[PDB]
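Residue numbers (the deposited numbering), protein chains in the order written: chain D, 10 to 199; chain B, 10 to 199; chain G, 10 to 199; chain Z, 10 to 199; chain Y, 10 to 199; chain H, 10 to 199.
Protein chains: 6
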Amino acid sequence: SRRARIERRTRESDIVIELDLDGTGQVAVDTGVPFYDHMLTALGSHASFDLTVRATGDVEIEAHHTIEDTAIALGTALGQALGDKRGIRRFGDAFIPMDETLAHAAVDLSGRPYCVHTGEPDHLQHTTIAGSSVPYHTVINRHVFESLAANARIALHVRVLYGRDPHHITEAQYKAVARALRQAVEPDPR
Amino acid sequence: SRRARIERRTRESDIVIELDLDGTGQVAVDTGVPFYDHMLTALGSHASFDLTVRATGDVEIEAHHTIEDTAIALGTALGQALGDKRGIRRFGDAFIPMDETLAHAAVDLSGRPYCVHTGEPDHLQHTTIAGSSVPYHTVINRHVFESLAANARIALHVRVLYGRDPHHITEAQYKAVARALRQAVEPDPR
Amino acid sequence: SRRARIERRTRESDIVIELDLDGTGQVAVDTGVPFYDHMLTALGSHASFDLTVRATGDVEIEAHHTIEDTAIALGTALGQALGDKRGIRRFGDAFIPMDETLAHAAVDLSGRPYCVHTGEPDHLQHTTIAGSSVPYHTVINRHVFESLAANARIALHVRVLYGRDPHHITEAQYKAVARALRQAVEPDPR
Amino acid sequence: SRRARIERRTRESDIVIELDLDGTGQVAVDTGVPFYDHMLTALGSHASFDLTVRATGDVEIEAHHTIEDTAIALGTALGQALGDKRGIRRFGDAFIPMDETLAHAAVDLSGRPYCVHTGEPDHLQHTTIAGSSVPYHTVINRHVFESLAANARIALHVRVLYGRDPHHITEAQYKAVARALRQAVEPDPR
Amino acid sequence: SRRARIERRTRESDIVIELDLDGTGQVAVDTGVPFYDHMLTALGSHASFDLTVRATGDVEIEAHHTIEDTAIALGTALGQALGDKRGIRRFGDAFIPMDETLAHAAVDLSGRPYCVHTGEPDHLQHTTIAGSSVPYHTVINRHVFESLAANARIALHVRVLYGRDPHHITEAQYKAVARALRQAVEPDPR
Amino acid sequence: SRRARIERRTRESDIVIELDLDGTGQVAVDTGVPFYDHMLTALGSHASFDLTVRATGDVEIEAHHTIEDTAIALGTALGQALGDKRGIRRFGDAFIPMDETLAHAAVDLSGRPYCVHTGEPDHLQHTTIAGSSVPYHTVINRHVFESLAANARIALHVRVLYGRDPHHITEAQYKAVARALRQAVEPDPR
Ligand SMILES: CC(C)[C@H](N)c1ncnn1C
Ligand SMILES: CC(C)[C@H](N)c1ncnn1C
Ligand SMILES: CC(C)[C@H](N)c1ncnn1C
Ligand SMILES: CC(C)[C@H](N)c1ncnn1C
Ligand SMILES: CC(C)[C@H](N)c1ncnn1C
Ligand SMILES: CC(C)[C@H](N)c1ncnn1C
Ligand SMILES: [Cl-]
Ligand SMILES: [Cl-]
Ligand SMILES: [Mn+2]
Ligand SMILES: [Mn+2]
Ligand SMILES: [Mn+2]
Ligand SMILES: [Mn+2]
Ligand SMILES: [Mn+2]
Ligand SMILES: [Mn+2]
Ligand SMILES: [Mn+2]
Ligand SMILES: [Mn+2]
Ligand SMILES: [Mn+2]
Ligand SMILES: [Mn+2]
Ligand SMILES: [Mn+2]
Ligand SMILES: [Mn+2]
């Protein structure tokens, strides 16, 4: 079994992650940042992980610290769950069309952090996705992928080929990471 | 079983489609537009569909009306055959090299029409592929992919990375759509 | 003697080639594509080959498949006829002026496919030469030279220095290939 | 079984290839060019081939002749091992992230040579990878992929999306070719 | 008979050339610079010369002095062997395709040194061809052709039309010079 | 025998041409324009023609009328001497290096006038070559080649690849035409 439980308590946040790589998309995410909840639920579900995330942090400041602590904890869990990485596909990639948006992610697990994020339209460096709760600043997308890659110790390449809507651009990237991971972690029959 | 029979009779054309998603590439296409017959035969065959298409239309005008009515009928059949889309991979993509040409298609079935067509060389907006019968104006390629996507209610992204020969560029795109669909419709074991 | 007979039967076409390198320009070509017949007759004749080509293919679609299958079969015949390539000039080149057009070809037989096609005016990527029969799309010129080179296993460099008329540009290139081959295949007295 | 043994003895080199497409990555390569040994070992291993390569050539001149003769022999072996290509996926592609580098390869086996190599940074046309033995001039990468494609009679498209380190750029391309081939040669269950 | 033996002993090198213009390509070259050995062997052989070159020089410094002294000695031998140049074609030219590379040389013997070298890609001014022995700096190509022309007292025009690989670009130029010389030195029957 | 005698008497000039295509370069030219005498002597001699030209014209005006009448008469003689053009090479080309200058000419005899003149440096449109007699305005070079081609009824393509000295540029073009004609008129043994 490829399960990990990570507890991460900092001055800024309190995180619990329970991750199973060999899941059916049983996913529950509650961080206090509802758009981030949606993105991590999409990630767990499209990866066919079982994933629970419970995070409380300093959202009076903004989402950044909670988002980052969550991504660090989640990456740590992914790395621990992967163990020796013996017998897995190792390489994975996925294209995700979302209406006008096309995103792609490619991964190499096998143990050296690296993240390359390209093609995200420049308006996403100062876009806010806002509802009735704590908002999500899309400039953080890159930071989430970097933190994941750095703590899981994997190579993660995330690309936006084109798109316009910041919700479509963001969600397609999270889904692309998710399906790339799904393919990479699967047993390689050879 | 994931089969559909569509009959579409308009002022301009008369179409019958019999489609099975779970096929072995048993394909017979007769539209009166032989290059289109070739492209739809390539599509059915590379998708591992069973597909029969019988169309008669107003080819004295040109192929456009028959091509469009056929693509609408075929997309309708694909949507009906997909039913609830329960348990399928949903996402699919395929690269197709054809000598100098590289084409790509990515699909998301799961229920909102969208089509993005990019990178086709500009000479394909006024190219004719002509033999001894009704010719095929390559400007129609985009129209075929749009009509398919709109009537199957799927997201279809078709890209030409590079190429020169209009037959290679056209056929690689039809084949790319076909293999992307093949992957997307397949049962997802998870 | 440097003779080869190639029969090539595909789903798309039926080809018979009889080639003698040591000929007097006794040439008969019938492919169902009369401008291609003219170009291959010019090639056989200006190479001082004896050449018969009988091809029937799917010209209801367009000339492409028949043209390509013919060029593959012809290149195969050229390679077989050349045998060990012992004692031949190996290198050949020819300039062909045709009114306003100047074309050139250079060849190296001795056994590694390579084709470089340069300087053809851009209007030839979407030009049609049309008469009362199956038309010829000049974009195919490059494809013919590539298929020949790849199946004869020779280096073929075809250049258009300048020109305007697509018939002159096309015919001068076929003639240039023909005279370059003629020189390359001839016994080298040293 | 899909095995081939090729012996190729030229004025410049002496090659023996034993190739099994249906392997477990049992790979032994010795050419006298240790970086090339590494690249061909990566290729055999990531393709899940069993592969032995023993080559001795004129490395006093430089690696080029031995590298080229090896790639020709290896491509010949791949083509022979593939036989009729009945029942295989035929199409394959793979993305390979290697730290900062992202490379891609796409293949079509089914029987016409073609190679398109794009996006390799210009500094790789005059880069040397040098250790204590015979060095490797990265300008040869393109030549290796061309020779492989031409002798296996396949379409091979190799792309560098981006990268900096010439070892990462080179190794990611060899690995991408390897995983694309792996997917293409696998039995297609349909 | 058109034979010359040149001995050239300098502070830097020791050269012996035996040249016969009316040869069969009986060629033996040993300079201590194996890529140069290969280029001069190609030159002698493609010119249908009989040629022996034995050179020892200061290769601890680099190949330059030995290469230059050899080219001077060889040019001197070519000039002496040509004698009165009575009854020869005088003018010669040759195109040499080498995979992606096309090179050309044109010569006028009849008695005034001149060398024009054009079209060599700029990367060849700082490229090294390196094996297990003394390497070859391609910037020297021009110097070799200049030294040959100046000491044989001939006009030599060497052109690279296009190419990429520095070994193909260099070898095609040496072969082009060789076949141009072959044609120029041959008896003119008129 | 391929001989012609042309007498051309106009208001401006009096011309006699005796031409033998199958000559040994027995050439005598006297037009009253000594640089033109030199160019036509070079042409006759390098073509291996036997050629006598006696022209007297209105050189008080300038050389133009005499030069043009001579070129018309000479072209007429070349056409008449060629007769049916049965059994000849038909195509000919020649490169001529002259110190810094490289010129080329290509010819097709077989019966439709055409002349393309390219690459002559712009300073040759207003250059004078002057001695102690009637001078030669190099702008006339093009006119001479046009008049020759038009009256012999041949395709003549003359190119200057590069050069500086107007005497070298002019003389290399006349010599290139001469050697191209020599090759084209020779019996083709096939
Ligand atoms: C100690 C951490 C929470 C710091 N204030 C921070 N803000 C944004 N990124 N980081 C590291
Ligand atoms: C009613 C239809 C056949 C119409 N003339 C048309 N031409 C091209 N596209 N459409 C919709
Ligand atoms: C199987 C062949 C005939 C294919 N449809 C094609 N069209 C154009 N080139 N090719 C290979
Ligand atoms: C005969 C071969 C070994 C030739 N010298 C060469 N060098 C580089 N490529 N090639 C074909
Ligand atoms: C005396 C010679 C050998 C001199 N050092 C030199 N190096 C490179 N070219 N030259 C002439
Ligand atoms: C009648 C002729 C001699 C006329 N003046 C002329 N000058 C230059 N070219 N031409 C035709
Ligand atoms: Cl891509
Ligand atoms: Cl040229
Ligand atoms: Mn941070
Ligand atoms: Mn959403
Ligand atoms: Mn329409
Ligand atoms: Mn086709
Ligand atoms: Mn084709
Ligand atoms: Mn014609
Ligand atoms: Mn090579
Ligand atoms: Mn490595
Ligand atoms: Mn020097
Ligand atoms: Mn070589
Ligand atoms: Mn005039
Ligand atoms: Mn002179």
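All C-beta atoms, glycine included, are put in the ideal place defined by N, C-alpha and C.
Could you please give the first and the last residue of the uninterrupted beta strand (DSSP E) stretch that includes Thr127(Y)? Residue range 123-127 is occupied by the beta strand (DSSP E) that includes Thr127(Y).
At a Cβ threshold of 7 Å, is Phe58(Z) touching chain D? Contacts with chain D at 7 Å (Cβ-Cβ) do not include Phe58(Z).
How many angstroms separate the CA atom of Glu77(Y) from the CA atom of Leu52(Y)? Approximately 16 Å, taken between the alpha carbons.
By a C-beta neighbour count over all protein chains shown, 10 Å radius and 16 as the cutoff for buried, is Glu180(Z) buried or exposed? Label assigned to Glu180(Z): buried.
Taking CB distances under 7 Å as the criterion, tell me whether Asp174(Z) reaches chain D. Chain D contact via Cβ: absent.
Would the C-beta of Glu77(H) count as close to ligand 19, meaning under 6 Å from any of its heavy atoms? The answer is yes for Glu77(H).
Assess contact between the segment 186-195 of chain G and the segment 130-149 of chain G, defined as three or more Cβ pairs (one per stretch) separated by less than 8 Å. Is contact present? Cβ pair count under 8 Å is below three, so no.
Quick one: which residues of the segment 66-78 of chain G get their C-beta closer than 8 Å to a C-beta of chain B? List them in chain order. Answer set for the segment 66-78 of chain G: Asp67, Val68, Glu69, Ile70, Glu71, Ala72, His73.
To the nearest whole angstrom, what separates the beta carbons of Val116(Y) and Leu190(Y), a pair I think is in contact under 8 Å? Sure, about 6 Å apart at Cβ, within 8 Å.
Applying the 10 Å Cβ sphere with the 16-neighbour rule, what's the burial state of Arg14(B)? Its Cβ having fewer than 16 others within 10 Å, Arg14(B) is exposed.
Compute the distance between the beta-carbons of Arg173(B) and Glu129(B), then report whether it is under 7 Å. No, these two residues do not count as a Cβ contact at 7 Å.
Which residues bound the alpha helix (DSSP H) around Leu87(D)? 73-91 is the span of the alpha helix (DSSP H), which, as asked, contains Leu87(D).
Cβ of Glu21(Z) versus every heavy atom of ligand 4: is any distance shorter than 6 Å? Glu21(Z): yes, Cβ under 6 Å from ligand 4.
Can you list, in chain order, the residues of the segment 96-112 of chain B whose Cβ is nearer than 7 Å to any Cβ on chain D? Residues of the segment 96-112 of chain B with a C-beta atom less than 7 Å from some C-beta of chain D are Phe100, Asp102, listed in chain order.
Which residue marks the beginning of the beta strand (DSSP E) containing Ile178(Z), and which one marks its end? Counting along the chain, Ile178(Z) falls outside any beta strand (DSSP E), though it belongs to the alpha helix (DSSP H) covering 175-194.
Straight-line CA distance for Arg98(Y) to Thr79(Z)? About 42 Å.
Pick out whichever of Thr147(H), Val36(H), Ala82(H), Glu21(H) has its Cα sitting closest to the Cα of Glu69(H). Nearest neighbour of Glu69(H) by Cα position, chosen from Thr147(H), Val36(H), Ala82(H), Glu21(H), turns out to be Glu21(H).
For the segment 26-54 of chain Y, enumerate the residues whose C-beta is nearer than 8 Å to any C-beta of chain Z, in chain order. From the segment 26-54 of chain Y, only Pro43, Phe44, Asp46, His47 have a Cβ closer than 8 Å to chain Z.
Using 10 angstroms around the beta-carbon of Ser10(H), count the other beta-carbons present and answer buried if the total reaches 16, otherwise exposed. Residue burial is scored here from C-beta neighbours: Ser10(H) has fewer than 16 other C-beta atoms within 10 angstroms and is therefore classed as exposed.
If you run the structure through DSSP and keep just helix, strand and coil, what is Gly101(G)? Looking at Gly101(G) - three-state DSSP - the assignment turns out to be strand.
Assumed close pair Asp29(H), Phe58(H) - CB separation to whole angstroms, cut-off 8 Å: Taking C-beta atoms under 8 Å as the contact rule, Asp29(H) and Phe58(H) qualify, at a distance of about 6 Å.
For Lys184(Y) and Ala86(G), what's the separation of their Cα atoms in angstroms? CA-to-CA, the gap between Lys184(Y) and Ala86(G) works out to about 28 Å.
Any chance you could list the residues with Cβ under 7 Å from a heavy atom of ligand 20, keeping chain order? If you measure from each CB to the nearest heavy atom of ligand 20, the residues under 7 Å come out as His47(H), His176(H), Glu180(H).
Through-space distance from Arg162(Z) to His74(Z), alpha-carbon basis: Computed Cα separation, rounded: 21 Å.
Proximity test, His166(H) beta-carbon vs ligand 2 heavy atom, cut-off 6 Å: Every heavy atom of ligand 2 is 6 Å or more from the Cβ of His166(H), so no.
Whole-angstrom C-beta distance between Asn150(Y) and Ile81(Y), which should lie under 8 Å: With 8 Å as the limit, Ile81(Y) and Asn150(Y) do not qualify as a contact, their Cβ atoms being about 16 Å apart.
For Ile70(G), which of helix, strand or coil comes out of DSSP? DSSP places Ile70(G) outside both helix and strand once states are collapsed to three, so it counts as coil.
Buried or exposed for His152(G), going by 16 or more other Cβ atoms inside 10 Å? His152(G) is buried by the Cβ-count criterion.
Please state if the CB of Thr40(G) and the CB of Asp31(G) are separated by a distance shorter than 7 Å. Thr40(G) is positioned such that its CB atom lies no closer than 7 Å to that of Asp31(G).
Min CB distance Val148(G) to chain B below 7 Å: Taking Cβ atoms only, chain B reaches closer than 7 Å to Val148(G), which makes this a yes.
Considering Cα atoms alone, identify which of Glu71(Z), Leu49(Z), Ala37(Z) is closest to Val143(Z). Taking the Cα of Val143(Z) as reference, the smallest distance to any Cα among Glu71(Z), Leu49(Z), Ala37(Z) is reached at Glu71(Z).
Could you check whether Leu60(D) and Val25(D) sit closer than 7 Å to each other, using their CB atoms as the reference points? Going by beta carbons, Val25(D) and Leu60(D) fall outside the 7 Å limit.
Would you say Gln134(G) reaches chain B, if we count a Cβ-Cβ gap shorter than 7 Å as a contact? Yes, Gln134(G) counts as interfacial toward chain B.
Helix, strand or coil, according to DSSP, for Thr136(Z) in the structure here? In the structure shown, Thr136(Z) sits in coil (DSSP, three-state: anything other than H, G, I, E or B).
Quick check: what's the CA-CA separation for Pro175(H) versus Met107(H)? As the crow flies, the alpha-carbon of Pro175(H) is around 11 Å from that of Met107(H).
Under three-state DSSP, which class holds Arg199(G)? DSSP places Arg199(G) outside both helix and strand once states are collapsed to three, so it counts as coil.
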